[PDB]
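Given as structure tokens, the chain that follows is alone and in the form deposited in one PDB entry.
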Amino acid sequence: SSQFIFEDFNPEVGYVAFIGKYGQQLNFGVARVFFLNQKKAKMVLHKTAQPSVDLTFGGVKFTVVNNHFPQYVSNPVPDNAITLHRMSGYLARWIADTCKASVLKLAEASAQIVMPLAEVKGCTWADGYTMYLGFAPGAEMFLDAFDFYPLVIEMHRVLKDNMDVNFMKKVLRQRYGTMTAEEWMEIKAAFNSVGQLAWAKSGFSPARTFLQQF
């Protein structure tokens, strides 16, 4: 008894616009801010009333289309649009794009930024990049750029704790180079990488501690 609502542009299309606005005027540091201020940044976005708030994350002003107002919870979100969620993944890609092969640039990003959702689950850069980034909301948008990692991470949310199908339905329509990932059945490094981060174990990061937890 809920009851209706709802069901049925490339995720990499929206991405480009940023190279003309916010792209050229951006930095390797400001990301730390974001990933460490999004959850409270989302709280305020649900109280007020101005349909298209513009958020600041480091003197950097994003025209962030507002979503979590009960009024317009269900809207037609534009392709140019840059909602909190969408906006999060693009940072995850930008820094993913910079941390490909370039060992020089890689450590700089690893040292300065932290998406909490990764470390709380216990992963860290010490095991990859992509594995780590695939925790950021909006990472499910680029499973072709995060190898298939952010998809199965949500399994480990249904697995380790529990997550509904609704918090998985959106990720299960996403695409790796279109075609392939949205098919479900070529097991593209997915079923072998469900066993390569659950090996990192869940967030017991904070021993000789016997009381049932390991």
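Just count from 1 along the sequence shown to find any residue number. What we label the rigid core is the largest C-alpha set whose atoms superpose within 1.5 Å from one form to the other.
Form deposited in another entry: not shown, discussed below.
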At a threshold of 2 angstroms on the CA positions, core aligned, which residue out of 63, 180, 37, 174 shifts between this form and the one not shown? 180
Compare the CA separation of residue 191 and residue 153 in that other deposited form with the one in the displayed structure, and answer closer or farther (the difference is at least 3 Å). closer
Output row for the residue 118-residue 191 CA distance, |change| of 3 angstroms or more in that other deposited form, reads closer
